């Protein structure tokens, strides 16, 4: 189905309402590394089992949180291309599931958002690095570090100053302890934007002050649960203020090279100076690696989802076509 268009009405409104109550997980219900999608599934903005179409995810992030249309399109189709089933049009917001339908041939994993190295990656704020054995569950120690950073840099609240310090701390902990730490291309970009999302989207829209309290923070990050009477943001947004996060501790894209404390800059990586390159490498290297010589139906589905992806790409970039036209 087509990418949904922006909200007709983007006002702050109650999204924790009678039609979208929080429910606990049933057996089979999938939650993953994204507290946003997790919250939308747990309020029934997405199917509660955590398996959804791209169109469902786009409508959910807009309606539930006032995520802006362009960000919603780019992030949803990028995740779907690398983690979703392109024939069934279904994506797991967590673990690999037979509910996404019959798999394509390898090396495509259709591993859901839990799949490491595709969308999900290292130096997450409240989830551990995949090397430490779990890239998706809420982590109490990490969240207590977010609370500590909120006390030290945010006067008890999560804000872009806290994002700046914590983003860097998580990178330096991954450099120190994960010999397989990877911080290049797609992850380098998403890792910065994600640290703004709590300040931009988890703050009650009647305040919209970019100061997230630790009760609300815990309710989203741990329980996938809106605060009682939660109002979504009063206007569409996603990553606004990411510039403050980068400016706090500017980092070059790089990786550990099989050892802790071996962070090596990758000159082949995109950075914030080459945003078009990040899109080109994502489509030409990542997507094409998972589907090197696709069958005619898969090729059609790929081309359709790549067109959709390109709608989410900022103007100034040229569309790349790994399967032709």
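Residue numbers count along the first chain shown, from 1.
- Relative to its counterpart among 17-25 and 312-320, 312-320 has the higher mean temperature factor, C-alpha atoms as listed in the PDB entry.
- The PDB entry reports B-factors from which the mean C-alpha value can be compared for 232-240 and 123-131; the larger average falls on 232-240.
- Per the deposited coordinates, the residue with the largest Cα temperature factor out of 41, 57, 34, 296 is 296.
- Across 88, 211, 76, 219, the greatest Cα temperature factor reported in the deposited entry is at 88.
- Per the deposited record, the Cα B-factor of residue 203 falls in the lowest third when ranked against the other modelled residues of its chain.
- Remark: residue 152 belongs to the highest third of its chain, ranked by C-alpha B-factor as recorded.
- Placement of the Cα temperature factor of residue 215 within the chain: highest third of the modelled residues, per the deposited record.
- Sort the chain's modelled residues by C-alpha temperature factor and residue 66 lands in the lowest third, per the entry.
- Residue 140: CA B factor in the middle third of modelled residues in this chain (values from the PDB entry).
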